[PDB]
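The form deposited in one PDB entry is given below as one chain in structure tokens.
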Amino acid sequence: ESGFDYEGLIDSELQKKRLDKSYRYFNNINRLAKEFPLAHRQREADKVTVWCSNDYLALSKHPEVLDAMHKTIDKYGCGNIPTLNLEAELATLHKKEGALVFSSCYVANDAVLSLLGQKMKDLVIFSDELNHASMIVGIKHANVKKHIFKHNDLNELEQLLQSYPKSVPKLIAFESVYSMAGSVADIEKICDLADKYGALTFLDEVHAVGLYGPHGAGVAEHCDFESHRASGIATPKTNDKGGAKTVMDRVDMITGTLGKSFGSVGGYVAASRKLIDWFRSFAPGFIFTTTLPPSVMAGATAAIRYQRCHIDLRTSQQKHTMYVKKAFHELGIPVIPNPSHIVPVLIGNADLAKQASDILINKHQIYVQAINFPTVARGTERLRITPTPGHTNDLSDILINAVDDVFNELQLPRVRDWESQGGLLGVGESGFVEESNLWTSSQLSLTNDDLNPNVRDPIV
């Protein structure tokens, strides 16, 4: 007899990814700690400027992080105190009673969501349609009834919550900042809905932490910006609206990554002591026994300590992003509007977006990855640009001219052109209301001395 043809199945599936052009080719990119934001390709001599990297504050190369790794390597080796220090800093950042570190936030999401579903079998999960793959996977592994609500539609969310008695356990799983379009959730309104319908909230701040709030604790902290800034590390007595509890205090579970802004690898959840011990006790034991090396944790800890007391990292990134956005607006470069740090440039065609990404790196030595289906809906294909404190106006100008040339060379649609067909995603749409940038001019003018002195080198 003959066995199942395994290689045939694998071949047919990989061939489909070749047909639809979703088969992926990784670019060799070696980021230079000394030359940030430069990187070199397989040949060290060929250098490019990285505009798509997710290291938002450039802390991957920062002296206090590199020194933390070097000194921690000498003492601990490569592969305890370092875990408690890191977990204590993360709990401090979010002003939560505790935090739990995992190998990655992908794991953190999968583990927490899975555990909530296993322990409450009646649980009903309400999930934003744009939630990250890790959260989709965790919700699946939770093996409970779920409802996907249209992106950031709070109207639809409420009617889904209404269909249940309040006594039914519920979880609302969403993100603060969604990276592909740079949209932002309304966290206070979701907290209000949670209180009304008796639901826990699960918030993924991965693209927020370090970039938002006075100390970079994320959008939940930005929600009461003045209350947190005044109180510093301490919990404020009242919120920005005068109430008893802050939004960040009202969210039950906050997950983040160490791999993005914090210039490291890892993931965590911050929540109340009861929740942390619950996860710590009943989650699969092997995600705790196998974890990050101490040198990696020390680096992330240093980055968190540094970024909490330096707001200039956030005001620097925001200013550089605005610079790029304003320039593109004057040139008719179709940026998808959003009140965040992300600069998605709308293309609208998958083939053209690839060609634009290729021309940018080969002709102009600019690295920007193109975004197409499945990651985005067909026809919405875009170039995702992510400014950092390290992209100074001089580098931005080069990017701006290079993008403008690519648009001319490929005759790609401008803002003017998208309007002619009615507009897309707020680009060229008559009477479209754009949300104001989360960072207000008042907040962008703040400096590090405006932060409470208790955030600088506190004992933790």
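Position 1 is the first residue in the sequence shown; the rest follow in order. Note that the rigid core is defined as the largest set of C-alphas that superpose within 1.5 Å between two forms.
In at least a third of the other PDB entries of this protein that model the residues around it, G428 has no coordinates.
Coordinates for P453 are present in every one of the other compared entries of this protein that model residues on both sides of it, well short of the third needed to count it as often missing. The modelled chain is continuous from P165 to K166, since every residue of the deposited sequence in that stretch has coordinates. The PDB entry reports B-factors from which the mean C-alpha value can be compared for 214-222 and 297-305; the larger average falls on 214-222. As listed in the deposited structure, the average C-alpha B-factor of 26-34 and of 406-414 is greater for 406-414.
Annotation for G138, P334, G390, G182: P334 ranks highest, by Cα B-factor. When the C-alpha B-factors of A370, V101, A377, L115 are read from the PDB record, the largest value belongs to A377. In the deposited entry, the Cα temperature factor of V124 places it in the highest third of its chain's modelled residues.
Compared with the other modelled residues of the chain, the Cα B-factor recorded for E44 ranks in the middle third. Residue-level temperature factors show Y76 in the highest third of its chain, judged at the C-alpha atom. Among the modelled residues of the chain, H132 sits in the lowest third by CA temperature factor in this PDB entry. Among the modelled residues of its chain, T289 has a C-alpha B-factor that falls in the highest third according to the deposited record.
Not on display, but discussed next: the form deposited in another entry.
For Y306, the Cα coordinates differ by under 2 angstroms between this form and the one not shown after the core has been superposed. Relative to the superposed core, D450 undergoes a Cα shift smaller than 2 Å between this form and the one not shown. In a rigid-core overlay of the protein, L32 has its C-alpha displaced by at least 2 Å between this form and the one not shown. Annotation for the pair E175/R24: C-alpha atoms recede from each other in the other form, by 3 Å or more compared with this form. Legend note: Cα of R31 to Cα of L57 is at least 3 Å farther in the other form than in the depicted form.
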